[PDB]
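Enquirer: One structure is given below, represented as structure tokens, and several questions about it will come after.
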Amino acid sequence: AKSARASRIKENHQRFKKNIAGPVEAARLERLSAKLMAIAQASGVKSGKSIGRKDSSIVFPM
Amino acid sequence: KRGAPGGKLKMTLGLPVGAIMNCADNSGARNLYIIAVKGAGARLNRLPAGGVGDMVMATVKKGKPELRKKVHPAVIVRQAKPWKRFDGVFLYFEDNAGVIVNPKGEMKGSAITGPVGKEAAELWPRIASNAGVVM
Amino acid sequence: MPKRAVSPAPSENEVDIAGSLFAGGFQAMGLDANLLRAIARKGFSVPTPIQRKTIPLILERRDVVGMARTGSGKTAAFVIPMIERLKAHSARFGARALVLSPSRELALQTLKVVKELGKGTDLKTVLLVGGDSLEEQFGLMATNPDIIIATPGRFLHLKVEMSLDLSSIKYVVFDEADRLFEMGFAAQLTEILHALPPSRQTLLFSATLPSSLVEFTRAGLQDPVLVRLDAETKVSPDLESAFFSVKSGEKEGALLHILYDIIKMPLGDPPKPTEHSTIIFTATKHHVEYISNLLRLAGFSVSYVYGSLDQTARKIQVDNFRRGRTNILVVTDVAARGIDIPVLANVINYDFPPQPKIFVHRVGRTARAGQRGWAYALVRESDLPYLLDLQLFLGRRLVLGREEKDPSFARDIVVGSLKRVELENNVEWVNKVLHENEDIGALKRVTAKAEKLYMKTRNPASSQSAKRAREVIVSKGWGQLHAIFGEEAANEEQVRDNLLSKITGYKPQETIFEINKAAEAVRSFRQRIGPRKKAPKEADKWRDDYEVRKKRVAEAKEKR
Amino acid sequence: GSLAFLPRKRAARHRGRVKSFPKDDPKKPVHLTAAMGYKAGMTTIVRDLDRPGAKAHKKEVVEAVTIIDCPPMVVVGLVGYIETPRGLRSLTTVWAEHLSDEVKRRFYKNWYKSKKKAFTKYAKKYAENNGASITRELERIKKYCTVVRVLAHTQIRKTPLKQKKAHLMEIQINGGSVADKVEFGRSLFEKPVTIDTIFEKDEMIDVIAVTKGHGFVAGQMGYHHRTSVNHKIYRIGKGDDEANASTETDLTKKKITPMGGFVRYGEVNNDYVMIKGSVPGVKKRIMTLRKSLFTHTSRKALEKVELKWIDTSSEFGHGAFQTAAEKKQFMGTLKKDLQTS
Amino acid sequence: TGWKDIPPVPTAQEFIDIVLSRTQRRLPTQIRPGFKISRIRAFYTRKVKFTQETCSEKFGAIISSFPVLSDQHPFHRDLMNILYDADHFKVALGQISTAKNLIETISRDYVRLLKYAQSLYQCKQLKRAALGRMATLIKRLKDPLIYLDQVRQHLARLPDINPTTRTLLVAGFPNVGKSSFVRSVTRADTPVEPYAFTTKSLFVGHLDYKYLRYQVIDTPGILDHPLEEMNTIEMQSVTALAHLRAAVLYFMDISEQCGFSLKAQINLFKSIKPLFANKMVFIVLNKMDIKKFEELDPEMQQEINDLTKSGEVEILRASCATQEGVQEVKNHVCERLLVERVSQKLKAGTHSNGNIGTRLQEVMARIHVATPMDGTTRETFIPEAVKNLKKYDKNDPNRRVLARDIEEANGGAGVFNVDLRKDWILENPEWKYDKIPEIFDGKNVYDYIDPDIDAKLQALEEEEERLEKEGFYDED
Amino acid sequence: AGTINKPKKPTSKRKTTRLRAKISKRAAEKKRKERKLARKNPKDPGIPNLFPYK
RNA sequence: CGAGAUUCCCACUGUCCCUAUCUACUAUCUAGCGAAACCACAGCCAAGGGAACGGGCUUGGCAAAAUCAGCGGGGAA
RNA sequence: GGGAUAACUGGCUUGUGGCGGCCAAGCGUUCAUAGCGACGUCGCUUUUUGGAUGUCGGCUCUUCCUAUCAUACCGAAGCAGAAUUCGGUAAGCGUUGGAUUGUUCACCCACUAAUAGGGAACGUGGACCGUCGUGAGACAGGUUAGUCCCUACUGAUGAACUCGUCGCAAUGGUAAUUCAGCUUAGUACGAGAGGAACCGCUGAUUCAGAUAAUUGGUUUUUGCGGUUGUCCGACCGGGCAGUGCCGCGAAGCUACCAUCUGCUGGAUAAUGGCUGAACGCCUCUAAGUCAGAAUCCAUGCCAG
Ligand SMILES: Nc1nc2c(ncn2[C@@H]2O[C@H](COP(=O)(O)OP(=O)(O)OP(=O)(O)O)[C@@H](O)[C@H]2O)c(=O)[nH]1
């Protein structure tokens with residue numbers, strides 16, 4: 001019997017992944033993301049748009 | 001092809017090697033002696049066990065003088081050990097019974113006495129043909 | 001799994017008449033009045049030659065080795081003088097007579113003979129066989145019998161368990177010693193021989209004398225006298241013989257041809273032997289089963305008796321044959337020496353015997369009391385050297401094919417080939433059966449493997465037998481028709497086969513490859529071969545037969 | 001035993017770590033990768049098999065299925081990870097205001113004797129127009145981070161357990177750009193997420209739990225972190241329907257909970273996931289459901305399931321009465337009930 | 001069944017290389033001087049014994065597998081003899097036995113020598129010497145291996161006939177048209193190239209004739225030599241003609257286009273006549289289209305009729321080019337062969353005695369036809385539809401849909417899911433694809449299905465109304 | 001061969017003093033044996049052609 | 001209750017295992033009391049260490065306190 | 001009785017015999033003839049008809065090697081097909097019996113994909129003192145010789161680094177194996193007999209990790225029902241039979257006696273190629289490069 005890691009079995013599994021389970025999982029995740037979105041919608045420094053500082057074993061002590 | 005049934009679901013095998021089961025067909029044998037189960041795996045210290053629908057080597061220890069002490073293949077038809085069926089039904093038989101069969105599938109006898117398992121009947125067509133009671 | 005699990009159950013029947021190197025009514029033999037009355041009640045009016053020759057020696061107290069077939073009266077032969085010597089029960093503790101037999105059935109037969117021939121006497125006889133209660137055997141030994149009939153293993157086990165003293169035994173009988181040695185009882189037989197006191201009279205009754213048995217008798221018997229069944233080796237002049245050179249692939253068909261035309265056997269169940277009485281002797285039990293099934297398919301009334309067959313089955317088969325419900329009896333060698341075979345009219349040996357003396361026994365199985373008998377042999381190219389050993393042993397002139405117009409089939413060993421047309425038709429039908437029914441094919445394969453093993457395990461022939469076997473194969477008579485097929489046949493086949501003989505004697509000029517390195521090797525090879533110049537369960541209230549079962553339990557408790 | 005699972009180690013954490021999430025590509029739409037529930041128990045179902053080429057095709061098949069009580073989970077945080085030559089590392093996390101009492105019990109160990117001060121200054125920072133700092137953290141996550149996880153907690157106060165401490169876990173957001181997934185999480189803050197939202201019907205997943213410790217009769221045997229792969233959700237029940245165990249074949253209005261309630265668990269009133277086969281862990285234990293790392297390679301997945309009924313006889317005994325109605329009807333009237341009436 | 005299942009045999013150098021490879025690779029190979037002398041001798045004697053065992057098993061397989069010449073049917077023995085000189089084959093397969101036996105003799109000899117060996121170098125040189133003896137023995141056996149390989153190859157590529165079964169041989173001079181006839185009558189490829197000895201080996205085909213198998217054999221051909229001197233091809237031809245119990249057809253042509261005079265065919269056939277006297281023989285005048293049976297000379301006609309005079313010969317006309325009469329001639333000859341076979345089968349079982357064989361009883365039981373004594377025939381139900389529908393033909397383009405084609409379009413064996421709903425027939429079509437309730441409130445809906453249940457419910461409601469009037473639920 | 005992915009047992013180049021001493025003694029014995037055989041007992045090439053001034 | 005009708009088992013062993021019964025042997029913790037053998041100094045592993053001599057030494061692999069329970073490695077004829 | 005060696009091997013071991021002749025490049029006493037001298041061939045073993053084994057073992061377990069029985073891969077073969085044989089890449093995987101025997105192998109037969117070989121300090125559980133004899137020996141005469149410590153490892157804990165939550169992953173281990181059935185297909189092939197493979201689908205063996213929905217089993221739940229004998233004069237309730245026995249029995253624990261699950265990318269070896277020099281032809285190789293094994297390396301998994 002061919003091993004579970006055989007090249008032929010891997011190629012057939014990849015073909016199955018790209019041709020059969022692909023669209024099914026795509027539509028599944030599409031409706032899932034749709035329901036996710038349904039539930040979800042259901043001065044620079046002074047405003048915080050500019051990223052600033054909050055609040056060393058890489059460099060030798062100086 | 002080696003004498004191993006193809007297309008059989010898992011079940012609780014209840015007939016070990018060396019088992020005295022009673023005979024089913026009208027060949028003349030009174031009992032069959034399970035001595036070797038065809039298709040069993042190779043595990044040390046593990047006694048090969050057989051279930052309904054498996055051809056098992058059998059030896060007539062008690063029977064008509066013509067057929068006594070004779071080794072031929074035989075397939076299990078009835079097992080008293082409880083086994084479950086894919087409809088979720090646990091069932092078991094009164095006795096342990098098998099019908100003498102040649103390695104192709106022609107049964108030496110002509111009529112099968114008593115009931116017959118669905119597993120044996122489905123795996124072997126002529127057992128269904130010459131079996132008068134299958135449940 | 002159990003296909004030749006241990007060994008072919010019928011191994012061989014080896015005989016050694018070199019054991020010969022060891023050295024008219026009951027009222028005339030003067031037995032006691034009570035013994036004479038018992039014999040008359042049993043119905044023994046005229047003694048058979050075996051006891052006629054042995055009983056005076058046993059009364060003279062000489063050790064005896066008796067070559068006798070089953071059924072000749074060996075049991076009576078060794079029990080009558082034993083009773084005549086005993087004459088009474090002894091008040092002193094200790095057994096006086098011991099008989100050792102292979103199987104419980106033979107032990108029971110001997111026990112019945114002893115009881116019937118000793119009706120009236122106060123002799124205590126015991127049976128010690130396997131399967132009986134050891135406590136019961138202890139009680140019997142406590143009751144102190146004078147005569148013991150037992151199997152070697154059970155007797156040794158009882159002796160070891162009870163520390164029995166055998167010094168009081170003066171009479172020892174070994175029934176079926178060749179069977180004892182074939183079953184392998186030799187070790188405990190020697191142990192019992194060592195345990196027995198030297199001052200004893202030993203009788204050993206056997207149908208065959210193997211070399212191991214001869215050595216055992218030489219080591220354990222004091223000046224044994226060998227008595228034999230008269231002219232058991234002298235081939236009867238009323239025996240007609242024909243031998244057929246047959247190939248393995250056509251050999252079953254040849255057997256069918258002999259059954260159909262040479263004997264003209266009727267087909268079906270027959271409407272004390274019969275007029276035909278066809279017995280066939282083979283090599284292996286697998287051959288026995290194969291030939292039996294093939295012949296019942298062909299339509300014969302066949303009974304088969306092989307070595308390791310169940311006791312009841314073999315009795316039923318032998319009863320059917322002896323009462324004439326079957327016409328063919330298929331046996332190898334072991335069941336043959338075992339069972340009682342009546343007078344036969346046709347004997348055919350499928351597999352040629354290794355030993356000329358085995359052949360002599362198998363052909364003396366027929367043509368008895370002045371009656372004419374027929375014997376047909378199936379001989380192959382590999383079996384020819386044994387046929388040549390046989391012709392040396394018998395001292396008969398060899399007639400190959402049709403070298404003589406009217407050969408004497410009784411005094412001359414006549415070998416020939418069978419008729420080609422019917423041979424081929426039977427071969428075709430055999431092939432059709434083999435292709436059609438799978439059971440026969442499996443039997444063919446297993447009997448072929450058994451025949452291969454028998455070829456490896458068969459005793460070899462002599463160098464000179466192999467030699468003139470080669471020259472016989474070279475000779476023309478090997479392929480010629482048998483003398484039984486007719487002078488008109490001789491005419492047609494002589495008109496034809498001569499150019500066919502030229503065809504068969506073709507020396508090709510060059511092989512088809514000669515017609516590369518392989519071709520060069522073939523040419524050089526050619527130049528090299530260039531010719532040289534129990535209580536019931538407790539009653540349950542809910543159970544229907546509650547009160548009845550309670551009553552049963554109470555009754556069992558009262559019985560205790 | 002197998003060398004990949006020895007030496008036998010205790011599970012360091014009772015919850016169970018996810019370790020690996022499915023690989024991310026930007027092309028898919030946004031979605032969470034994980035969810036949590038609690039193993040309530042198992043029942044029996046019979047199914048019209050739709051496996052072509054099988055011996056039992058188009059026949060009644062009886063199977064054992066685990067029930068996982070799955071109350072809605074609450075989003076309380078976002079985290080931003082950065083990819084580094086030393087692996088992924090937590091760059092920065094943002095919390096939510098009005099954090100629940102139960103998630104605070106998770107943050108604490110001795111809750112009864114501690115004055116509730118955790119995250120108070122953080123809520124103050126939200127409240128006092130440090131939205132500058134808030135947007136700074138969110139912009140940092142959007143600009144520098146490649147992987148974002150949503151902190152979500154499951155709610156014992158709805159689960160039927162004597163526990164009162166919530167359960168927290170990080171759940172990756174895949175299928176989109178970093179800005180898109182950060183905006184999605186920001187919307188997600190302070191909103192319950194259902195299992196209808198996270199997972200869906202008749203699909204193959206992976207389940208993480210800690211297999212039971214067989215204690216008190218060469219060492220630790222039991223209590224092992226196990227992620228069993230390839231288990232198929234057949235059903236999602238709603239709680240509020242009250243026809244959850246009800247199937248189209250039998251119009252018997254009952255919940256998934258058999259007669260007398262689940263043994264040693266109780267009775268479930270929430271969303272639940274019914275999955276095929278035996279599943280690691282025991283009752284009352286947290287069960288971590290996640291998506292498969294790879295696209296499936298069998299018809300067992302993308303095989304659509306049609307159910308017949310669910311065993312609702314009392315598992316505390318060998319009962320055979322699915323509903324109290326049919327039981328009280330079949331047994332008739334009893335003397336104690338008659339005297340009460 | 002044939003002789004193809006014969007294992008290949010190697011050359012001398014090959015067999016040496018593989019045997020020594022086994023004895024090198026399959027056993028332990030390292031030994032040390034510090035080890036015990038007993039273990040050293042055990043090691044070396046194990047090496048010697050393994051070499052003996054592999055050589056013996058290979059030679060035993062070779063001999064026991066090659067065919068045993070003088071146990072086969074005379075056709076087979078003489079055919080393999082003419083192809084391959086039997087005496088020379090036998091002396092080869094001899095040398096190989098004697099060589100193996102000498103191998104075992106050397107084996108015991110060096111086993112005793114190693115058992116009494118006293119040093120590591122002793123065992124060294126003893127093992128080397130023994131293996132050298134076997135190597136030299138095979139080196140001398142170099143040529144028999146080549147010869148036996150060649151005979152193995154041909155005996156594998158040898159046609160397998162059944163001498164017993166119904167057979168029809170086609171013989172004659174070369175170029176008459178034997179190969180053309182056999183290609184016409186059966187599906188066997190025989191070179192039809194027009195030169196003298198086109199076929200150098202026997203060719204075999206098969207046909208069916210009212211549900212019965214016949215085997216046709218084409219033989220190469222025979223010239224005017226008086227069988228004392230022959231080519232091997234003509235010898236295998238005559239051996240087939242002499243040992244194959246079968247119908248015999250002798251193909252001759254009126255036109256001397258084959259290159260032999262009509263008198264030459266007549267002399268050849270009278271020469272081979274005794275070989276065919278027992279049989280049924282059929283002379284076939286081929287190429288009648290180019291040269292018919294009428295126009296040749298009257299004394300030629302007279303001599304061929306004098307040949308016809310005998311009672312086991314027959315004359316037929318044929319033209320294999322246009323297949324004018326091949327069907328008729330094969331039908332007729334095989335019919336007479338079948339009749340003769342039936343006669344022989346009847347005699348086998350009708351043999352003198354008065355009791356019929358069990359097989360014959362069975363064949364009467366089979367052939368017996370049962371018929372009711374009343375002589376009435378039951379009326380039958382055959383519908384006009386299946387009377388006038390069209391026969392099912394696979395090549396036909398305008399075809400039915402077929403479940404197989406639906407399956408292949410929608411997947412395969414394990415892919416396509418069959419739908420019984422399309423096959424459902426119902427009064428209201430949209431009834432289909434609807435779930436059917438089975439259990440409800442713990443009682444079986446199917447078990448409680450019953451027509452007129454409306455009327456029964458009305459009766460029950462009347463009964464309950466009577467009970468309510470009776471006050472059948474009041475408390476006192 | 002798969003020596004690249006699965007290396008085998010290394011052959012040590014660290015010579016042992018015992019082996020070195022044995023080699024030295026045996027080579028000395030070889031020199032003595034050559035001398036013994038030589039004592040036991042029992043053509044100019046010319047100027048090269050390619051030389052320019054031969 | 002039916003002479004009611006029909007089906008299964010019973011053997012021995014100088015053979016192995018289990019279960020049943022008899023005799024004998026077996027028991028933990030905390031307090032209190034409390035020895036002896038033995039002890040040049042201490043014990044990670046690999047290769048080398050001429051003299052089948054390693055725990056010293058050389059070159060490396062490395063190397064993190066302290067307990068309880070299992071476990072395996074060393075100590076001429 | 002004296003003398004001598006304390007003892008063996010340690011780049012040892014394997015697959016191809018020896019003796020003689022012929023031939024033989026070279027070297028040699030001075031030159032192929034003082035002579036040495038490989039590969040081959042010839043003559044002998046060796047040709048004209050087809051049982052050996054003494055003490056031992058027996059089982060299990062770990063690890064390792066390959067000199068590979070099978071699984072995977074290819075090169076060759078009258079290899080039509082099927083079934084095969086030889087060769088090599090390959091140690092991930094697995095590698096069962098009976099007969100027979102003192103006992104092993106050979107051979108023999110039964111399963112089975114297959115029953116391959118080995119290593120692990122050959123891995124863990126008597127001789128004189130004599131006395132009586134010298135054509136050979138004996139001696140119930142003696143002297144008598146004769147062994148509980150350390151630590152690695154694992155699990156569970158663990159001091160300080162303020163406590164707690166959520167994480168990262170260096171490192172170490174690493175797991176899946178084989179067979180079967182449907183379709184292809186009674187097709188390709190084939191005179192017949194017979195008779196494939198790819199794709200796709202469904203099962204089964206072994207191993208591994210789990211679980212008790214359902215089915216057997218177990219009852220200090222001593223739960224419910226029954227029941228034996230005893231004594232306390234009797235009721236009573238008790239001691240009673242180191243928990244009396246018999247039926248059913250929950251929960252729990254279980255079961256090769258039940259159910260579930262076991263996963264994907266890259267680089268390679270034999271080999272097959274592309275382009276094209278060495279070498280004006282040619283070439284898979286030298287530069288560059290493609291595919292390719294159950295191989296290797298990582299993900300998936302476990303520890304942290
Ligand atoms: N015109 C005609 N020619 C025929 C006929 N039969 C055979 N032939 C000729 O035969 C030639 C080929 O020889 P085959 O058919 O093989 O005859 P053969 O008897 O088998 O002899 P070989 O050729 O040696 O095999 C063809 O070229 C034809 O010309 C026929 O019926 N009519």
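Following the order of the structure tokens, first chain is A, next is B, and so on, with residues numbered from 1 inside each chain and ligands from 1 in the order they appear.
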Excluding region 36-45 of chain F and residues on its chain fewer than 6 positions from it, collect all residues at most 12 Å away from it, counting only C-alpha atoms (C1' of nucleotides), and give them as a PDB file with N, CA, C and O atoms (P, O5', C5', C4', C3', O3' and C1' of nucleotides), in the first residue's frame.
Expert:
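Result written to part-v8.pdb:
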ATOM      1  N   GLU F  29      60.460  -5.191  10.171  1.00  0.00           N
ATOM      2  CA  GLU F  29      60.605  -6.592   9.794  1.00  0.00           C
ATOM      3  C   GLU F  29      60.613  -6.750   8.280  1.00  0.00           C
ATOM      4  O   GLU F  29      61.335  -7.588   7.732  1.00  0.00           O
ATOM      5  N   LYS F  30      59.794  -5.957   7.588  1.00  0.00           N
ATOM      6  CA  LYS F  30      59.768  -5.987   6.131  1.00  0.00           C
ATOM      7  C   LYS F  30      61.108  -5.555   5.553  1.00  0.00           C
ATOM      8  O   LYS F  30      61.599  -6.144   4.585  1.00  0.00           O
TER       9      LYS F  30
ATOM     10  P     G H  28      66.364  -5.048 -13.320  1.00  0.00           P
ATOM     11  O5'   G H  28      66.692  -6.560 -12.935  1.00  0.00           O
ATOM     12  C5'   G H  28      66.425  -7.053 -11.625  1.00  0.00           C
ATOM     13  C4'   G H  28      66.292  -8.557 -11.596  1.00  0.00           C
ATOM     14  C3'   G H  28      67.614  -9.316 -11.466  1.00  0.00           C
ATOM     15  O3'   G H  28      67.485 -10.434 -10.590  1.00  0.00           O
ATOM     16  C1'   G H  28      66.461 -10.035 -13.410  1.00  0.00           C
ATOM     17  P     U H  29      68.754 -10.917  -9.722  1.00  0.00           P
ATOM     18  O5'   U H  29      69.924 -11.114 -10.790  1.00  0.00           O
ATOM     19  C5'   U H  29      70.935 -10.127 -10.974  1.00  0.00           C
ATOM     20  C4'   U H  29      72.301 -10.745 -11.137  1.00  0.00           C
ATOM     21  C3'   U H  29      73.108 -10.309 -12.351  1.00  0.00           C
ATOM     22  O3'   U H  29      73.733  -9.047 -12.195  1.00  0.00           O
ATOM     23  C1'   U H  29      73.229 -12.659 -12.119  1.00  0.00           C
ATOM     24  P     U H  30      73.260  -7.787 -13.078  1.00  0.00           P
ATOM     25  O5'   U H  30      73.620  -8.179 -14.582  1.00  0.00           O
ATOM     26  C5'   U H  30      73.714  -7.168 -15.579  1.00  0.00           C
ATOM     27  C4'   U H  30      73.816  -7.727 -16.978  1.00  0.00           C
ATOM     28  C3'   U H  30      72.627  -8.527 -17.490  1.00  0.00           C
ATOM     29  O3'   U H  30      71.575  -7.694 -17.947  1.00  0.00           O
ATOM     30  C1'   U H  30      74.665  -9.603 -18.087  1.00  0.00           C
ATOM     31  P     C H  31      70.175  -7.629 -17.162  1.00  0.00           P
ATOM     32  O5'   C H  31      69.218  -6.845 -18.168  1.00  0.00           O
ATOM     33  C5'   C H  31      68.241  -7.535 -18.934  1.00  0.00           C
ATOM     34  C4'   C H  31      68.711  -7.791 -20.344  1.00  0.00           C
ATOM     35  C3'   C H  31      67.839  -8.726 -21.171  1.00  0.00           C
ATOM     36  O3'   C H  31      66.720  -8.076 -21.752  1.00  0.00           O
ATOM     37  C1'   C H  31      70.108  -9.370 -21.377  1.00  0.00           C
ATOM     38  P     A H  34      69.575 -18.399 -17.876  1.00  0.00           P
ATOM     39  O5'   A H  34      69.990 -17.991 -16.393  1.00  0.00           O
ATOM     40  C5'   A H  34      71.018 -18.696 -15.709  1.00  0.00           C
ATOM     41  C4'   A H  34      70.595 -19.090 -14.316  1.00  0.00           C
ATOM     42  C3'   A H  34      69.115 -19.388 -14.130  1.00  0.00           C
ATOM     43  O3'   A H  34      68.753 -20.692 -14.547  1.00  0.00           O
ATOM     44  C1'   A H  34      69.833 -17.941 -12.416  1.00  0.00           C
ATOM     45  P     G H  35      67.277 -20.972 -15.117  1.00  0.00           P
ATOM     46  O5'   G H  35      66.405 -21.230 -13.808  1.00  0.00           O
ATOM     47  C5'   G H  35      65.067 -20.762 -13.718  1.00  0.00           C
ATOM     48  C4'   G H  35      64.963 -19.586 -12.779  1.00  0.00           C
ATOM     49  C3'   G H  35      63.583 -18.963 -12.637  1.00  0.00           C
ATOM     50  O3'   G H  35      62.772 -19.662 -11.706  1.00  0.00           O
ATOM     51  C1'   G H  35      65.211 -17.262 -12.944  1.00  0.00           C
ATOM     52  P     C H  36      61.172 -19.677 -11.860  1.00  0.00           P
ATOM     53  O5'   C H  36      60.706 -18.288 -11.233  1.00  0.00           O
ATOM     54  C5'   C H  36      60.728 -18.071  -9.828  1.00  0.00           C
ATOM     55  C4'   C H  36      60.152 -16.722  -9.475  1.00  0.00           C
ATOM     56  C3'   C H  36      58.760 -16.440 -10.021  1.00  0.00           C
ATOM     57  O3'   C H  36      57.730 -16.965  -9.201  1.00  0.00           O
ATOM     58  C1'   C H  36      60.178 -14.624 -10.529  1.00  0.00           C
TER      59        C H  36
END
Enquirer: Within 12 Å of chain A, which residues of chain H show up? Give each one with its shortest atom-to-atom distance in Å (one decimal) and the two atoms involved, counting only C-alpha atoms (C1' of nucleotides), rows by chain then rising residue number, as JSON lines.
Expert:
{"residue": "H:70", "atom": "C1'", "partner": "A:1", "partner_atom": "CA", "distance": 10.8}
{"residue": "H:71", "atom": "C1'", "partner": "A:1", "partner_atom": "CA", "distance": 6.5}
{"residue": "H:72", "atom": "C1'", "partner": "A:2", "partner_atom": "CA", "distance": 6.8}
{"residue": "H:73", "atom": "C1'", "partner": "A:6", "partner_atom": "CA", "distance": 11.2}
{"residue": "H:92", "atom": "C1'", "partner": "A:3", "partner_atom": "CA", "distance": 9.6}
{"residue": "H:93", "atom": "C1'", "partner": "A:3", "partner_atom": "CA", "distance": 9.8}
{"residue": "H:113", "atom": "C1'", "partner": "A:1", "partner_atom": "CA", "distance": 9.2}
{"residue": "H:175", "atom": "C1'", "partner": "A:4", "partner_atom": "CA", "distance": 10.7}
{"residue": "H:176", "atom": "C1'", "partner": "A:4", "partner_atom": "CA", "distance": 7.9}
{"residue": "H:177", "atom": "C1'", "partner": "A:3", "partner_atom": "CA", "distance": 8.3}
{"residue": "H:178", "atom": "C1'", "partner": "A:1", "partner_atom": "CA", "distance": 6.3}
{"residue": "H:179", "atom": "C1'", "partner": "A:1", "partner_atom": "CA", "distance": 8.1}
{"residue": "H:180", "atom": "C1'", "partner": "A:1", "partner_atom": "CA", "distance": 11.2}
{"residue": "H:198", "atom": "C1'", "partner": "A:8", "partner_atom": "CA", "distance": 10.9}
{"residue": "H:199", "atom": "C1'", "partner": "A:12", "partner_atom": "CA", "distance": 9.0}
{"residue": "H:200", "atom": "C1'", "partner": "A:12", "partner_atom": "CA", "distance": 10.2}
{"residue": "H:262", "atom": "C1'", "partner": "A:4", "partner_atom": "CA", "distance": 11.0}
{"residue": "H:263", "atom": "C1'", "partner": "A:4", "partner_atom": "CA", "distance": 9.2}
{"residue": "H:264", "atom": "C1'", "partner": "A:10", "partner_atom": "CA", "distance": 7.6}
{"residue": "H:265", "atom": "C1'", "partner": "A:10", "partner_atom": "CA", "distance": 9.8}
{"residue": "H:292", "atom": "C1'", "partner": "A:7", "partner_atom": "CA", "distance": 9.8}
{"residue": "H:293", "atom": "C1'", "partner": "A:6", "partner_atom": "CA", "distance": 9.0}
{"residue": "H:294", "atom": "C1'", "partner": "A:3", "partner_atom": "CA", "distance": 5.1}
{"residue": "H:295", "atom": "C1'", "partner": "A:6", "partner_atom": "CA", "distance": 11.0}
Enquirer: Using only C-alpha atoms and a distance of at most 8 Å, pull out the residues of chain C that contact chain B, as a ChimeraX atom specification.
Expert: /C:1-2,310,312-313,439
Enquirer: Using only C-alpha atoms (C1' of nucleotides), which residues sit within 6 Å of residue 277 (chain D) once same-chain residues fewer than 4 positions away are excluded, as a ChimeraX atom specification?
Expert: /D:64-65 /H:260
Enquirer: Write out as a PyMOL selection string the residues lying within 8 Å of residue 33 (chain A), counting only C-alpha atoms (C1' of nucleotides) and excluding same-chain residues fewer than 6 positions away.
Expert: chain D and resi 29-31
Enquirer: List all protein, DNA and RNA residues that have any atom at most 6 Å from ligand 1, counting only C-alpha atoms (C1' of nucleotides) and all ligand atoms, and write the list as number ranges by chain.
Expert: E: 174-180, 192-199, 286-287, 319-321
Enquirer: One number please: CA of residue 208 (chain C) to CA of residue 67 (chain C), in Å, one decimal.
Expert: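 Between CA of residue 208 (chain C) and CA of residue 67 (chain C) the gap is 6.5 Å.
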Enquirer: Using only C-alpha atoms, determine which residues of chain B fall within 8 Å of chain D; present them as a PyMOL selection string.
Expert: chain B and resi 7+86-88
